[PDB]
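Atoms considered below: every heavy atom in the structure, side chains included; atoms not considered: hydrogens, waters and symmetry mates. Sequence lines set the chain letters: A, B, ... in the order given, protein chains first and strands last, and positions in each chain run from 1.
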Amino acid sequence: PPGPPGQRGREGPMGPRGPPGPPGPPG
Amino acid sequence: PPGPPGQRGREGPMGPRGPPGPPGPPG
Amino acid sequence: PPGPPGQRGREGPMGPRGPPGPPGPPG
């Protein structure tokens, strides 16, 4: 008989860092 | 024969929030 | 005799991009 299935793969890596914030308000 | 490959892993977590925005306009 | 267990599944896809950063400091 065929072997049993392998274990589920690893959880994916974290996504990339977000873009920089918008400019602050005038002061 | 060898068993089938395991399931694909879960999608990775969301990336970190982006860096702070530039300082606002003077005056 | 039964076949061996198969390879672990593929790594999960990379996660979504992080959110945009906080707004900059005031002027």
Side-chain angles (χ1 to χ4, degrees), chain A, chain B:
Chain A
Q7 299 307 113
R8 194 189 186 184
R10 211 185 162 172
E11 174 169 305
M14 185 168 45
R17 187 170 303 270
Chain B
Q7 285 190 296
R8 194 207 73 183
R10 174 190 308 111
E11 179 174 76
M14 193 168 62
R17 179 177 208 181

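Residue contact with chain B, scored on non-hydrogen atoms closer than 4.5 Å, involves the backbone and the side chain of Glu11(A) alike. Only the backbone of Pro13(A) comes within contact range of chain B, judged by heavy atoms closer than 4.5 Å. Within the 4.5 angstrom heavy-atom criterion, atoms from both the backbone and the side chain of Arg17(A) approach chain B. The parts of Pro23(A) that come within reach of chain B are both its backbone and its side chain, each placing non-hydrogen atoms under 4.5 angstrom from that chain. In this structure, the portions of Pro5(A) lying under 4.5 Å from any heavy atom of chain B include both its backbone and its side chain.
For the options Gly24(B), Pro22(B), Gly21(B), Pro16(B), heavy-atom pairs under 4.5 Å to chain A are most numerous at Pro16(B).
Between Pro1(A) and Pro1(B), the shortest heavy-atom distance links the atoms O-CD, 4.0 Å.
Other residues, nucleotides and ligands place no more than 12 heavy atoms under 6.0 Å from the CZ atom of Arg10(A).
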